[PDB]
Amino acid sequence: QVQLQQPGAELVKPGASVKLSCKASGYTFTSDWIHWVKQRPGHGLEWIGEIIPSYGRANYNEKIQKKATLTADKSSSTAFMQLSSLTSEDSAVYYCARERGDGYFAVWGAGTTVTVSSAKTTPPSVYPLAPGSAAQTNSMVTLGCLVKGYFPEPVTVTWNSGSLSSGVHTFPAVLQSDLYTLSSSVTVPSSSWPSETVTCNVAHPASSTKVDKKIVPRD
Amino acid sequence: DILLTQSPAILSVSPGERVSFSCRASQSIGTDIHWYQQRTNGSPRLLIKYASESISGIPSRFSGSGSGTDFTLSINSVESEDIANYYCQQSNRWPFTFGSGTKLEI
Amino acid sequence: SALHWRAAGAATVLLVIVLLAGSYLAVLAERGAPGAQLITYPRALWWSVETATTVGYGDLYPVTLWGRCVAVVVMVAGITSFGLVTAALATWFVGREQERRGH
Amino acid sequence: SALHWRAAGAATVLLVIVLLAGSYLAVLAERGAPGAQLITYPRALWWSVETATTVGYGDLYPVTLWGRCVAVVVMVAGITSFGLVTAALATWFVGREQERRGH
Amino acid sequence: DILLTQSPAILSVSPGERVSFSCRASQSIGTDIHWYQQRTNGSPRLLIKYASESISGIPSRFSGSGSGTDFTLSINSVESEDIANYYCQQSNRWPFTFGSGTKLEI
């Protein structure tokens, strides 16, 4: 089971603060340390700090301006990272990771995408992408879904609740007018569709929404 | 603090070919180096610990070697699923630090 | 069982406790100090043992105030414990020699 | 209080005095010698302790004649003091065993 | 004797921008590095001790990091009053030595 659970996203207005959480399960030892790592888009991994739940002491990277304050709740096995007075420079994915006191990060959380912006949250609109009536199909057929007008990142797109993974491409989102847009592609044998259903599932953490859109041939 | 240099930043190999990622530490760190794999939009995943120790669940294809200041992560016969960014990390001295990463291109 | 044997046994158990606690506390005291090497538990236990025996190779050692205080406790506990074993052995020989003399 | 306990206590107090004096004198002896590291009081006290216990990590040590003479005094004081504690413990066990034998 | 290299000798930054002064020791000196600020016609003033320890009275804006041979003095959001010469000084080995200094220009 997932050893470290982190929320998908957090939108923060410039100057405000946010408290990220990391719920741990599995074996827990008095020697465990919970680490936090920051990663800006297209960049590497940056160590932020660590905390030992059994004692409550925290240490921080001295090379960077201190934005975080780490705490831990033993009864709920949850570690927290309070980030305060954020700016766009603080926008990034923040991972939590567990170290058994022996130097390596045995496991990592899925990461929390933090976006520092004044813009407002907006759920995505999911539209179907089915071939036109004049499109000639091969032994395979390509379908998809358009996800536009959402903010902030990210959105997770799966096909048939995840049962369909092969032949799937989800393109990086593009930012225009304070809103993101992306499409996801799926290819299945031409014979299996529409006989066998194909649906895309779009989850938008920031708005706590998840919608499904069945892809059917045009009228 | 220990600086971990990973060069080249990008490594291009042909399918089924053996590849080697480099990690050099600014000072001797014994065998206290660990390697992680991070695929596009994924979280980091431990591949090798203490320079050459295998992790259960990781393909035998992956192996590590070295001690002191120079380390290597090797993949015997690369395949598509190995396309990702690879990072080294040291735990010899505080604070733990990460290398800047190397991308594998096929 | 005579006192010296019981005290020797007790000293051993207490020493093992000090080694484990010292290992835990050394890591707690040293992480956060740039350059420190006594920062993972396995090698910290090794460090506690080579400190308690007074060998002190120099492969690992505390650089902070609290880590050094922990080290002093480990040192004193080790010296005292091994010293007590010596004292117990002496008592044993003394007792045996008295007998050999008819006392 | 019996002699061995009083002597043990006294030895401890004297050792603490030697550690403090040794720390002060080590810095006095070492500053002025190019390359010397035993030159600030806090780490010099740490050095005096790891010297008196005979651990000797090698993180710090005297390079001058007078600093080395100071070190020898610290070493001898530490060995003698811990040795005296061992001797006191042996006397205690000896006394207890005699009793246990009805003497 | 330990040589302390401070380069560049002059650092130009815009108002409110973060700045970092560099200090490299010819050999490893642990964290035995201290930083001083000296304004025009003024006497030196201690800013940071033992590489990263705060001094009471000094603005939170000032911070230090590093260990071994490479050290950094950082100022978050520079302001006019920070215009001055900055010097590092080591106390790991005798004799104590000073770096050659870096001037902050806005």
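Things to note:
Order as written gives the chain letters A, B, C, D and E; numbering starts at 1 within each chain.
Rule of thumb we're sticking to: contacts are C-beta pairs under 8 Å (C-beta built on N, C-alpha and C of every residue); 3 or more make two chains touch, one makes a residue touch a chain.
When you average the Cα atoms of each chain and compare centres, the chain farthest from chain D turns out to be A. In this structure, the chain pairs A-C and C-E differ in their number of contacting C-beta pairs, and the larger number is found at A-C.
Rounded to whole angstrom units, the spacing between the C-alpha centres of chain D and chain E is 39.
Chain A and chain B have Cα centroids separated by 24 Å. Mean C-alpha positions place chain B and chain D at a centre distance of 48 Å. Residues of chain B in contact with two or more other chains: 1, 91, 93-95. Among the residues of chain A, those touching two or more other chains are numbered 59, 62-63, 102-103. Here chain B touches chain A in the complex through residues 1, 32, 34, 36, 43-46, 49-50, 87, 89, 91, 94-101, going by the rule given at the top.
Within the complex formed with chain D, the residues of chain C that make contact are 2-4, 7, 51, 54-58, 61, 63, 65, 68, 71-72, 75-76, 79-80, 83-84, 86-88, 90-91, 94-95. For chain C in complex with chain E, the residues that touch the partner chain are 33-35, 63. Chain A meets chain E in the complex at residues 62-63, 65. Interface residues of chain D facing chain E in the complex, by the touch rule stated above, are 30-37, 39-40.
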